[PDB]
Amino acid sequence: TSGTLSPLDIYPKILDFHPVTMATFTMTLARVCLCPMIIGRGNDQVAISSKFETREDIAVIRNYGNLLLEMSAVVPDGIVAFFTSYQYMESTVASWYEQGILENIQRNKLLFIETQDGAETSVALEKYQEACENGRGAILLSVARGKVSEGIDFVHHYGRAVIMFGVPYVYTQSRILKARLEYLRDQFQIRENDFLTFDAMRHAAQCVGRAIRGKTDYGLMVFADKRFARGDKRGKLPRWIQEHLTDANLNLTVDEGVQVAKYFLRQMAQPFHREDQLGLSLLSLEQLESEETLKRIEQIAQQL
Amino acid sequence: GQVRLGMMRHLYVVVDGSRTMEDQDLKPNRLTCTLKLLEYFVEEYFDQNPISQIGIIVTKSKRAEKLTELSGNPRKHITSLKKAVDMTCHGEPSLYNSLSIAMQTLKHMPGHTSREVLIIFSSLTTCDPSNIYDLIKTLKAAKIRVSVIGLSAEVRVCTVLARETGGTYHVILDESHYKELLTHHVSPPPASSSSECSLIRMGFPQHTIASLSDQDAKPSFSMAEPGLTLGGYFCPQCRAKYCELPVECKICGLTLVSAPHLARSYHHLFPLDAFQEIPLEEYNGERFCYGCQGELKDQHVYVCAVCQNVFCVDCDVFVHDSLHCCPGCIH
Amino acid sequence: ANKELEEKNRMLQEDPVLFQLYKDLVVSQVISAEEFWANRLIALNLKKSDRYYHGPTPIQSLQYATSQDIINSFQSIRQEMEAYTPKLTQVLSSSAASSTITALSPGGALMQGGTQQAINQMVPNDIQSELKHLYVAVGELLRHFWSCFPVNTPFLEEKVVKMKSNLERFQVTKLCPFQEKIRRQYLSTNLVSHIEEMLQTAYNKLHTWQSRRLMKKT
Amino acid sequence: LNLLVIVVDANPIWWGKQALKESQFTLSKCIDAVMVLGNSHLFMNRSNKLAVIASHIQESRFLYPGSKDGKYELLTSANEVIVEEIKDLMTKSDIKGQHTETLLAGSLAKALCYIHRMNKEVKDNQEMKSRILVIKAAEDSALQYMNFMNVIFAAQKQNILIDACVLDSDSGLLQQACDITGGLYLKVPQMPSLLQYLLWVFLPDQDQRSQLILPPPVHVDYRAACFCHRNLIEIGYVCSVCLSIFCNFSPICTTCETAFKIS
Ligand SMILES: [Zn+2]
Ligand SMILES: [Zn+2]
Ligand SMILES: [Zn+2]
Ligand SMILES: [Zn+2]
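- As deposited, the entry is annotated with cryo-EM as its determination method and 4.8 Å as its resolution.

### Here we look at the overall build of chain A
Alright, step 1. Each helix and strand counted, chain A has nine helices and eight strands in total.
Alright, step 2. Its C-alpha atoms give chain A a radius of gyration of 20 Å, near enough to 19 Å, the size a compact globule of 304 residues would have.
Alright, step 3. Along the longest, intermediate and shortest principal axes, the C-alpha atoms of chain A span 65 × 55 × 40 Å.
Alright, step 4. Taken across its 304 residues, chain A has 48% of its residues classed as buried.

### Some words on the overall build of chain D
Alright, step 1. Secondary structure summary: chain D contains eight helices and eight strands in total.
Alright, step 2. Counting only C-alpha atoms, chain D reaches 80 × 50 × 35 Å along its principal axes.

### Thoughts on the coordination of the zinc ion (ligand 1)
Note on metal sites: the ideal angle is 109.5 degrees for four tetrahedral donors, and 90 or 180 degrees for six octahedral donors.
Residue and element names in this part refer to chain B.
Alright, step 1. At this site the zinc ion (ligand 1) is bound by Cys238 (SG), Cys249 (SG) and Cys252 (SG), with donor distances of 2.4 to 2.5 Å.
Alright, step 2. The exposure class assigned to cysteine 249 is buried, which follows from its relative accessible area of 5%.
Alright, step 3. Relative accessible area serves as the criterion here: at 17%, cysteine 252 is assigned to the buried category.

### Comments concerning the interface of chain C and chain B
Alright, step 1. Each partner contributes to the interface: chain C provides 21 residues, whereas chain B provides 25 residues.
Alright, step 2. Here chain C and chain B share an interface that buries about 2300 Å² over both sides, 66% of which is from carbon and sulfur atoms.
Alright, step 3. Our count for the contact surface shared by chain C and chain B stands at zero salt bridges.
Alright, step 4. Among the secondary structure elements, those contributing two or more residues to the side of chain C that touches chain B are α4 (50-53), α7 (125-148) and α9 (193-215) of chain C.
Alright, step 5. Here the residues of the side of chain C that touches chain B sort into 14 nonpolar, five polar and two charged.

### Considerations on the coordination of the zinc ion (ligand 4)
Residue and element names in this part refer to chain D.
Alright, step 1. Within the first shell, the zinc ion (ligand 4) binds the protein through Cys239 (SG), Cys242 (SG), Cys253 (SG) and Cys256 (SG), at distances of 2.4 Å.
Alright, step 2. In primary-sequence terms, the residues that donate to the zinc ion (ligand 4) follow C-x2-C-x10-C-x2-C. Pair noted here: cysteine 242 is in the loop between β7 (235-238) and β8 (245-246) and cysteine 253 is in the segment after β8, with a separation of eleven residues, a long-range link. Like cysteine 253, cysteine 242 is buried.

### Things to note about the packing of aromatic side chains
Alright, step 1. Here the structure, examined in full by the defined rule, presents 27 aromatic pairs over all chains.
Alright, step 2. Centroid distance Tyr233(B) to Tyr222(D): 6.3 Å. Interplanar angle 10°. Geometry classified as stacked. Of this pair, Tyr233(B) sits in strand β9 (residues 232-233) while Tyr222(D) sits in the loop between α8 (206-209) and β7, each in a different chain.
Alright, step 3. Ring pairs connect the aromatic residues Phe52(A), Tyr64(A), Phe83(A), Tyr88(A), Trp96(A) and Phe165(A), which therefore count as one cluster.
Alright, step 4. Positioned over the ring face of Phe272(A) is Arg31(A), at 4.6 Å from the centre of the ring.
Alright, step 5. Its end group placed over the ring of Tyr218(A), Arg160(A) keeps NZ or CZ at 4.0 Å from the ring centre.

### Points about the pattern of salt bridges
Alright, step 1. This model, assessed by the stated rule, comprises 27 salt bridges over all chains.
Alright, step 2. A salt bridge links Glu154(B) to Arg160(A); the nearest nitrogen and oxygen atoms lie 3.8 Å apart. Of this pair, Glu154(B) sits in the loop between β5 (145-150) and α5 (156-165) while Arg160(A) is found in the loop between β5 (138-143) and β6 (161-165), placing the two residues in two different chains.
Alright, step 3. Given a relative accessible area of 5%, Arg160(A) falls into the buried group.
Alright, step 4. For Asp140(D), the salt bridge is made with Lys136(D), and the minimal N-O distance between the two is 4.0 Å.
Alright, step 5. Here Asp140(D) falls in the buried class, since its relative accessible area comes to 15%.
Alright, step 6. The network of salt bridges with common partners includes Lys262(A), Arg266(A), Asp23(B), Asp25(B) and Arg30(B).

### Focus on the nonpolar core
Alright, step 1. Among the nonpolar cores identified, the biggest contains 84 residues, and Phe204(B), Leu262(B), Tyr266(B), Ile132(D) and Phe148(D) are the most heavily contacted of them.
Alright, step 2. With sequence-adjacent residues up to four places away left out, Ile132(D) is seen in contact with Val5(D), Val7(D), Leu108(D), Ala111(D), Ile115(D), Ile160(D), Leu161(D), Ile162(D) and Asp163(D).

### A word on the interface of chain D and chain C
Alright, step 1. Chain D puts 72 residues into the contact, and the matching count from chain C is 49 residues.
Alright, step 2. Per-residue buried area on chain D facing chain C is highest for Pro216(D), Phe227(D) and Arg230(D); these three make up 12% of the total on that side.
Alright, step 3. Of the charged contacts, one joins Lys47(C) and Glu257(D) as a salt bridge, the two residues approaching to 3.8 Å between their closest N and O atoms.
Alright, step 4. Put simply, the parts of the chain that give the side of chain D that touches chain C at least two residues each are α1 (12-20), α2 (27-44), α3 (73-90), α5 (145-157), α6 (172-180), β6 (184-187), α7 (194-202) and β8 of chain D.
Alright, step 5. By residue number, the principal contributor to the side of chain D that touches chain C is α2(D), which donates eight residues.
Alright, step 6. A class-by-class count of the residues in the side of chain D that touches chain C yields 41 nonpolar, 17 polar and 14 charged.

### As for the pairing of strand β4 (residues 129-136) of chain D
Sheet faces and side chains relate simply in a regular strand, where the side chains alternate between the two faces.
Residue and element names in this part refer to chain D.
Alright, step 1. Within β4, seven of the eight residues are buried, which leaves the element mostly enclosed by the surrounding structure.
Alright, step 2. For strand β1 (residues 2-9) and β4, the ladder comprises seven bridges, and the chain directions are parallel. Bridge assignment links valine 5 to a residue of β4, and that residue is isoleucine 132.
Alright, step 3. Of the pairings in the sheet, the one linking β4 to strand β5 (residues 161-166) comprises six bridges and is parallel in character. Across the sheet, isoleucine 135 pairs through a bridge with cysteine 165, a residue of β5.
Alright, step 4. Read as a crossover between parallel neighbours, the route from β4 over α5 to β5 is right-handed.

### Quick look at the state of the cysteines
Residues and elements named next belong to chain A.
Alright, step 1. Per the stated rule, a full pass over the model turns up one disulfide over all chains.
Alright, step 2. Looking at the unpaired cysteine 33, the closest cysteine sulfur is the one in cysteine 35, lying at 11 Å.
Alright, step 3. For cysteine 33, a relative accessible area of 1% puts it in the buried group.

### A look at the packing of helix α1 (residues 58-74) of chain A against helix α8 (residues 254-267) of chain A
Residues and elements named next belong to chain A.
Alright, step 1. Contact pair α1 / α8: the axes reach a minimum separation of 10 Å and the direction vectors enclose 20°. Regarding the angle of α1 to α8, the classification is roughly parallel. Crossing hand, α1 versus α8: right-handed. When α1 is examined against α8, the residues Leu67, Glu70, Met71 and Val74 are found in contact with a partner set consisting of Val254, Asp255, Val258, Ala261, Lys262 and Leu265.

### Overview of a positive patch on the surface
Alright, step 1. Residues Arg107(A), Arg19(B), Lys62(B) and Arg63(B) make up a contiguous surface patch of positive charge.
Alright, step 2. With respect to the helices, strands and loops of the structure, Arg63(B) is situated in strand β3 (residues 63-71).

### Things to note about the arrangement of the chains
Alright, step 1. The highest contact count of any of the four pairs of chains in contact belongs to chains C and D.
Alright, step 2. Regarding chain A and chain C, the two do not touch, and the least distance separating their C-alpha atoms is 25 Å.
Alright, step 3. What separates chain A from chain D at the closest point of their C-alpha atoms is a distance of 31 Å, and the two make no contact.

### What to know about the pairing of β1(D)
Residue and element names in this part refer to chain D.
Alright, step 1. The element β1 is largely enclosed, with a buried count of eight among its eight residues.
Alright, step 2. Residues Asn2, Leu4, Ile6 and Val8 point to one face of β1 and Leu3, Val5, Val7 and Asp9 to the other, with burial holding for every one of them.
Alright, step 3. Here seven bridges tie β1 to strand β2 (residues 49-55), and the two strands are oriented parallel to one another. Bridged to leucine 4 within β2 is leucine 50.

### With respect to the sheet that holds strand β11 (residues 276-278) of chain B
Residues and elements named next belong to chain B.
Alright, step 1. Taken in spatial order, the three strands make up an open sheet running β11-β12-β13, and their pairing is antiparallel. Edge positions in the open sheet fall to β11 and β13 (310-311), since each of these has one partner strand only.
Alright, step 2. Relative to strand β12 (residues 301-303), β11 is paired through three bridges, and the arrangement is antiparallel. Across the sheet, residue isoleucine 278 finds its bridge partner in β12, namely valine 301.

### Brief notes about the side chain of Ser152(B)
Alright, step 1. As for its position among the elements, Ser152(B) is in the loop between β5 and α5.
Alright, step 2. Looking at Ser152(B), its side chain comes within polar contact range of the side chain of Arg266(A), at 3.3 Å.
Alright, step 3. Engagement of the side chain of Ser152(B) in a polar contact is seen with the side chain of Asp25(B), the distance being 3.5 Å.
Alright, step 4. Non-local contacts of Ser152(B), meaning those with residues more than four positions away in its chain, are made with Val74(A), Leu265(A), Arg266(A), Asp25(B), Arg30(B) and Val171(B).

### Focus: the sheet that holds β3(B)
Sheet strands associate in pairs through backbone hydrogen bonding, adopting either a parallel or an antiparallel arrangement.
Residues and elements named next belong to chain B.
Alright, step 1. Read across the sheet, six strands follow the order β3-β2-β1-β4-β5-β6 without closing on themselves; strand pairing throughout is mixed. Unpaired on one side and paired on the other, β3 and β6 (169-171) mark the two borders of the sheet. Shown here is a sheet whose adjacent strand axes are inclined to one another by a mean of 15°, direction ignored.
Alright, step 2. As defined by bridge partners, β5 adjoins β6 across three bridges and the pair is classed as parallel. From the neighbouring strand, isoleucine 149 faces β6, where its bridge partner is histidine 170.
Alright, step 3. In this fold helix α3 (residues 95-105) packs onto β1 (11-16), β2 (54-60), β3, β4 (116-121) and β5, with an angle of close to 30° to the strand it touches most, β3.

The rules we used
- Residues numbered from 1 in each chain as written, not as in the entry; some residues may be left out.
- Chains lettered and ligands numbered in written order.
- Part of a larger assembly, values for the part shown.
- Heavy atoms only, no water.
- Residues with missing side-chain atoms left out of burial classes, pairs and counts.
- Helix = DSSP H or I, 4+ residues; strand = E, 2+ residues; numbered from the N terminus.
- Rg over C-alpha atoms; globule rule 2.2 N^0.38 Å.
- Buried < 20%, exposed > 50% of the residue type's maximum accessible area, 1.4 Å probe, protein only.
- Donors = N, O, S within 2.8 Å, 3.2 Å for Na, K, Ca; no water.
- Contact = heavy atoms within 4.5 Å.
- Buried area = accessible area lost by both parts, 1.4 Å probe.
- Salt bridge = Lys/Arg side-chain N within 4 Å of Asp/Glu carboxyl O.
- Nonpolar A, V, L, I, M, F, W, Y, C, P; charged D, E, K, R; others polar.
- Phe/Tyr/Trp six-rings, centres within 6.5 Å; stacked < 30°, edge-to-face > 60°.
- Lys NZ or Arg CZ within 6 Å of the ring centre and 35° of its normal.
- Core = buried A, V, L, I, M, F, W, Y, C linked by side-chain atoms within 4.5 Å.
- Pairing = 2+ DSSP bridges.
- Right-handed = clockwise from strand over helix to strand, strands pointing away.
- Disulfide = S-S within 2.5 Å.
- Axes fitted to C-alpha atoms, helices over the stretch in contact; angles between N-to-C directions.
- Parallel < 35°, antiparallel > 145°, perpendicular 65-115°, else oblique.
- Left-handed = near helix turned anticlockwise from the far one by under 90°.
- Patch = residues over 30% accessible without salt bridge, like charges linked within 9 Å, V, L, I, M, F, W, Y side chains within 5 Å.
- Areas by Shrake-Rupley, 256 points an atom, 1.4 Å probe, with all protein chains shown as cover.
- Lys, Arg positive; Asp, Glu negative; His and termini not counted.
- Charge placed at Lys NZ, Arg CZ, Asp CG, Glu CD.
- Polar contact = N/O pair within 3.5 Å; in protein donor to acceptor, adjacent residues only side chain to side chain.

As structure tokens, then:
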């Protein structure tokens, strides 16, 4: 059981597994509660990607920094920014300094960059959580593989805008990948380009889908490169995020995404009291005994 | 509400002068629209609560600036806002220093005053120079009340400040929603279980013209570029000379009231009720408006609670916004 | 440390009007420099709402007579408003209109010989400067007086400050009489007696407090 | 475009005592001076509007709202409806004893909301200025002061001027209203000349108050009493819960039964 598992067709196809129930439960909402956008279009109309395989391309890192700057200027209370690899976060935050960007991100919010010490990460997390509560703005940028996004969960006002930089592919690792893929071709029947896309999307949607605790929590969750729009990679995000991924939001610009973020936060900072939920996204004692509600709950859940 | 209200009300307005005031989300930049609605706010607040006062701080470049001191006449405040259109809005704000100046003035107002601060706050980096949870603990203990009207976002620190000091936090969609929020903060907000219910000693000075063609008068200049005042308003404590009433006594500490200024805010205490709103035709044997003797050419008929007469939409808006009483229940 | 000196100075410099005041008080031999710089640093259910209904307006003479008059007036006005509408004849006699124009002409009744406001603008500017100095000075004096005065603060330190206020008050009256003699003996106009009203009320509150506290001795 | 709203204090008891007085000046010349002022106001300009309200003792019924005898035609129809409306009002009437003093707060309330709806009728090119004449002849009841101030402040906000011709007795609340709203107050010294007072002082509109030299403003008394002994106050004690004027200091606040914190 997990909050993200997608697609469910592949866990019987890996684990030698035959279940009774293969179930996906749709996010039924009385309020939009999240918006995913795929910011895959630079402000210069540069195609945002990570095709270079961690060997830096300058203008794409420029547009990443521009995204982080303007999303800092819009979003409250803590932005979480997942990179691809620690070499790539190393190189990106390197070239956000020689290029004149990172002081402006300082002017809007307080950075807490990650390191692979076990104690320095915990101190950076503690100051990041003491800066989302003592007035100022805090922005935690990490790697989408490590322990930062495995247990350490970001709740109502600690991450409002989970910025997934890049598509996380395991690129550093050796012939263990080639050999596990040759195995999944041969003795299971799962393709090369199927398993790579599955692994990348389970890591990306794993690190994204931590921002939301309940119905009264709202998380902007942006995906920043063009590859998340290409049908197979978008097709393997879970159903409760594809349901709220609009075709207009598909392949936004930076500034169109910033304006969608502003309209999102303004429409979703108003009093959304408990009395707006008893119809749709909540149930009382006596709202259960009605068989019309039973028909509704029959219509919500689906299987695979 | 039929609840206790804070009717003497030293409110204190803290405006941003941030970098984010220059953003163009509103139709002019946020400084201009915010300042225009504060001009409307000072107008309606002095139009509705006469005893109370306002003070305006622009918060600019990590420092706080007491732009207009805590006084009770709209001329100085609106003059200062017409001046403050011309400002620059450079730098990041400072919530620490602005709440410190507002606290520093609002320590020593007497305990029955619901001491209130209204922070019209836009940006997100809340650049304080010290710890701002000890201020919130102090302002919790100093029984002040701080309410923040926010632009573009929800910020956790302003949420903690609003829910802990006692105020209310709100974020802005439009021109109309922002007018609704400032109109919500015009009215006297209800009191907690903490504020003192004292009995302030008051003074009611009569008007005195130049007595009998100035036969043994007392020719004075003023008391706060003044001419030679022949007569006017005295004080019953210190026997000074004031031109305008109501004015807090500048040399005694008495508060001077003409007493329609107590009658200008009596509608809060015996308030209105709801109009039973019914759109359809529905049994109406009284075709004409009991308000202004006109036909009901629309499908909205509004019927009072006690007398249960008939009113139209124009009489609805007029009674519930301005006249503040049912014309039937007087009869 | 000579801190205070540097403060009062820096101020006097930046604030020349205050400097003026400082001279007009200290240099004028009314008080001493040290004193001046020293002290210059819940369901509300209303019980009786009828008290709100007829408010602070005093009780007018409202004596409607015996209810026989109710019946008599109802009879006479029900008979009155039956026969109605003369429009040419009854409305105006022309002599009443001529007397009304006589009244509203500027020498008759309802023209009160009002909005006259006879002023004494003879020597404006330098007398205005004198009065600016005087009202600043007496404002500071009565500021200290009525600021320490109001609550009796029944101990010996506040009573000693009240005695210093009494000394400053008497020498303030002497300096005000000297300023009135040096000012108003130029062209014989411009009653300054409002400042003397303020200082006479300070004099009166001082003697009335003295008699009150001497009654409160035992 | 202007809007005069005459309010005539038709106290049947007062004008009944006036008509048993057998004077020259009865209610007929009062309502006729009202109609001549109304036809004069409609006569001064084509765009002017008129509305005439009559405060009775128990009701605020409006009076307003071919040429047989030579008037202008709409003046004739307006005079016919005002005459027939006062004949339907005053003759067919009632008698009660607990409520016999006249009212003025309700008729002013109807006038305020009438000016509101007639200002919604106005299109974007033109703009409406407005005033309320009050022709008072009776003694106002004190009991509606809580109400009465409210309509004054409505006329303070809605920028409606208030004027008053009082006939017999002075009225502190109504000269108070004409002081607050910016209107004008006048106590007539001789009854039958009433029309000639109205056609020079109260006929001219807002852009003729500033041109004409008018009778000067009487000084307005801001007398204030306690709710305790009704006597005049120069220094009072006012609660911050009840917001009520007390004269002498008392332990337990009577107006709102406040558990008064004592220091
Ligand atoms: Zn005083
Ligand atoms: Zn009613
Ligand atoms: Zn109506
Ligand atoms: Zn009380």
